[PDB]
Ligand SMILES: *[C@@H]1O[C@H](CO)[C@@H](O[C@@H]2O[C@H](CO)[C@@H](O[C@@H]3O[C@H](CO)[C@@H](O)[C@H](O)[C@@H]3O)[C@H](O)[C@H]2NC(C)=O)[C@H](O)[C@H]1NC(C)=O
Ligand SMILES: *[C@@H]1O[C@H](CO)[C@@H](O[C@@H]2O[C@H](CO)[C@@H](O[C@@H]3O[C@H](CO)[C@@H](O)[C@H](O)[C@@H]3O)[C@H](O)[C@H]2NC(C)=O)[C@H](O)[C@H]1NC(C)=O
Ligand SMILES: *[C@@H]1O[C@H](CO)[C@@H](O[C@@H]2O[C@H](CO)[C@@H](O[C@@H]3O[C@H](CO)[C@@H](O)[C@H](O)[C@@H]3O)[C@H](O)[C@H]2NC(C)=O)[C@H](O)[C@H]1NC(C)=O
Ligand SMILES: *[C@@H]1O[C@H](CO)[C@@H](O[C@@H]2O[C@H](CO)[C@@H](O)[C@H](O)[C@H]2NC(C)=O)[C@H](O)[C@H]1NC(C)=O
């Protein structure tokens, strides 16, 4: 359906409001959108191995 | 490679330490410890922040990409178009996954290196009067209070202040 | 970088050792050695196996790719088709060669790190009674048999059992 | 990761040293120092030269690439052509920048590893008669001249020549 918010990226499944570099929704975009890839998880570590004490 | 500190000669982490990544644990005459080391952890935060921002800013955003249309006598061009789209998609998904997988070993080894260097510094400025005992602990033949604790922490220990007195106690135990 | 063990402070390898990658060589009262260290080599095998399987499963197989045909008034599209095929081929051959070249330094440094850590562990659980002599050998001031050999191997040495007796012999040599 | 030598436990570099990358600084009975270590620096030069030549020879040169022309009823093919050119350009610029950024940490850690190993070698062949004092300096309980300086440099020290005499002086200071 059509509503009247305001975005900067649009796909046929809906709109997107993010600043992450990758994207997973749909490959047909209008506006300025993050890049479509064919993956499911791109978590990136900034920290230590969580080794609890015994 | 693995530098040998995290889950190595040092055992598991400290839950009770909050305000940093690398710190100390001291037991002088009037208290217990858990103070962080604000010098090295700031360098770690700077490095990791620059790394994440670099990885973000190498990837350009894409502009409008809308499908095209072909009739029944342009099958050849249509297959060419589909080939181009699938090729570029495979290349970018490969680059993304491979970049994340290599960056993760890089960052874990970075933390491991920081812990090892923070141990070597403390060992190097306590040359004779320490008697290290295991999993990164030392034990002060002489007597220490809060001031020599901070003196160790900052990196200003002035060993020749204590060098004689420690010696006495060492020869007591030997 | 190079951790300094393989072709470093330790000389060349052992041909006589068979059942592993990292091991020991002992000379107590009744034998010679060459026993492997099954704990660390298993971690190395697990890491390398996961690495090779990851590199295999990142590369997708290709399906049917058959050439196309053009007459003499479609030269323009034909050149475009050839450009697409050659471009993608160059990209994939670059990715393959570069991935193998970086992965090789990664794996050699991984083995080097394992040897250095396996040396540091043995040094750390023989603090006073060893007298290291060169290229990763130790020499037991006290007297050792097969049981203390296995006691070193597993990682359960219980130093205070021998700590006095060694001391005597040390003061004999000094 | 960071091996801990350059801007680590060793302070800043030496401007006065010219003919190499890694060297010594000696103060025996009749001079000061600044002599380079021609063995290790040659291995560093070989490694870096091979690295740069490999990075050059992985990148193929391009041949003639001239733009094409289309009339007003071939807009569809023209957009496809522009898409192909921009896609390949983005892929190659990504590969170039990312390759340089990773190669730079690799080479800086390589130099850091070389300095640490060159320190560990000198420490290992001066086991008892040295008394290291800080930021990578040693101090010879016995007496040394130019011949034992070169004897340290080459890697042929023959410790048991001096082992008794040093011992005397050590017991003088203790
Ligand atoms: C690192 O730790 C040293 C401690 O070894 C710090 O220097 C110390 O600064 C404190 C400031 O509280 C001094 O404590 C007080 O100084 C005042 C002024 O003289 C005095 O009236 C108080 O009775 C008390 O002594 C402390 O004495 C001084 N260090 C010494 C020589 O004990 C240092 O500021 C810390 N930071 C760095 C980077 O060094
Ligand atoms: C690592 O090595 C230690 C050796 O320090 C192993 O513990 C040892 O288990 C063996 C089993 O053969 C013991 O030998 C025999 O035990 C039986 C039962 O008491 C006894 O009847 C035999 O005469 C002989 O002593 C051995 O004594 C025991 N360690 C001690 C205290 O000597 C251990 O199982 C190995 N594995 C690990 C992970 O510790
Ligand atoms: C590494 O350094 C050693 C020094 O420990 C070098 O061996 C030395 O070679 C020099 C050559 O000038 C010897 O000096 C002279 O030898 C001649 C011939 O015997 C003699 O007539 C002179 O009076 C003077 O002694 C030096 O004596 C010798 N080393 C010893 C035992 O002192 C070695 O060549 C250098 N290179 C390597 C890789 O070892
Ligand atoms: C997209 O999401 C972001 C983050 O949720 C929105 O930015 C902030 O949203 C919160 C909650 O509405 C506001 O209180 C802040 O004032 C917003 N910050 C900014 C950027 O001014 C952003 O408004 C969302 N955009 C749309 C159109 O939904």
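Protein chains in written order, with the entry's author numbering: chain A, 274 to 327; chain B, 1 to 174; chain D, 1 to 174; chain F, 1 to 174. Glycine is no exception: its CB is placed at the ideal position from the N, C-alpha and C atoms.
Using only CA atoms, which one of the options lies nearest to residue i?
i	options	result
residue 166 (chain F)	F:76, F:117, F:39, F:144	F:144
residue 324 (chain A)	B:58, B:95, B:21	B:21
residue 55 (chain F)	F:69, F:95, F:162, F:23	F:95
residue 135 (chain F)	F:24, F:18, F:16, F:74	F:24
residue 6 (chain D)	F:38, F:132, F:66, F:117	F:117
residue 173 (chain F)	B:169, B:173, B:164, B:147	B:164
residue 62 (chain B)	A:291, A:304, A:276, A:322	A:304
residue 161 (chain F)	F:38, F:72, F:148, F:171	F:148
residue 57 (chain F)	D:57, D:97, D:50, D:29	D:97
residue 19 (chain D)	D:29, D:75, D:42	D:42
residue 127 (chain F)	F:157, F:146, F:99	F:157
Can you give the Cα-Cα distance for residue i and residue j, rounded to whole angstroms?
i	j	result
residue 313 (chain A)	residue 101 (chain D)	28 Å
residue 110 (chain B)	residue 125 (chain D)	26 Å
residue 1 (chain D)	residue 131 (chain F)	28 Å
residue 33 (chain B)	residue 27 (chain B)	6 Å
residue 3 (chain B)	residue 122 (chain D)	16 Å
residue 138 (chain F)	residue 106 (chain F)	30 Å
residue 150 (chain B)	residue 104 (chain B)	34 Å
residue 40 (chain D)	residue 112 (chain B)	19 Å
residue 155 (chain F)	residue 52 (chain D)	40 Å
residue 9 (chain D)	residue 133 (chain D)	12 Å
residue 44 (chain D)	residue 38 (chain D)	10 Å
residue 77 (chain B)	residue 108 (chain F)	49 Å
residue 87 (chain B)	residue 274 (chain A)	33 Å
residue 68 (chain D)	residue 296 (chain A)	34 Å
residue 277 (chain A)	residue 327 (chain A)	56 Å
residue 64 (chain D)	residue 74 (chain B)	20 Å
residue 50 (chain D)	residue 282 (chain A)	39 Å
residue 315 (chain A)	residue 288 (chain A)	21 Å
residue 30 (chain F)	residue 169 (chain F)	21 Å
residue 290 (chain A)	residue 317 (chain A)	21 Å
residue 46 (chain F)	residue 89 (chain F)	33 Å
residue 152 (chain D)	residue 11 (chain D)	22 Å
residue 71 (chain B)	residue 70 (chain D)	18 Å
residue 159 (chain D)	residue 171 (chain D)	18 Å
residue 99 (chain B)	residue 146 (chain B)	46 Å
At what residues does the beta strand (DSSP E) containing residue i begin and finish?
i	result
residue 284 (chain A)	282-284
So residue i and residue j are in contact, right, with Cβ under 8 Å, and what is the actual spacing, rounded?
i	j	result
residue 129 (chain D)	residue 141 (chain D)	5 Å
residue 80 (chain D)	residue 114 (chain F)	That belief does not hold up - the Cβ atoms of residue 80 (chain D) and residue 114 (chain F) are roughly 50 Å apart, past 8 Å.
residue 285 (chain A)	residue 294 (chain A)	That pair is no contact at about 22 Å.
residue 59 (chain F)	residue 36 (chain F)	That belief does not hold up - the Cβ atoms of residue 59 (chain F) and residue 36 (chain F) are roughly 34 Å apart, past 8 Å.
residue 175 (chain D)	residue 84 (chain B)	Any property of residue 175 (chain D) remains undetermined from this structure, which presents chain D solely from 1 to 174.
residue 310 (chain A)	residue 14 (chain B)	Actually they are not in contact, since the Cβ atoms of residue 310 (chain A) and residue 14 (chain B) sit about 38 Å apart, beyond 8 Å.
residue 319 (chain A)	residue 48 (chain B)	5 Å
If you follow the alpha helix (DSSP H) that residue i is in, where does it begin and where does it stop?
i	result
residue 39 (chain D)	38-58
residue 310 (chain A)	First-last for residue 310 (chain A): undefined, no H or E at that position.
residue 96 (chain F)	75-124
residue 173 (chain F)	163-173
residue 146 (chain D)	146-154
Which parts of the stretch 2-37 of chain B are runs of the beta strand (DSSP E), unbroken and 3 residues or longer, counting only runs that do not cross its ends?
-> none
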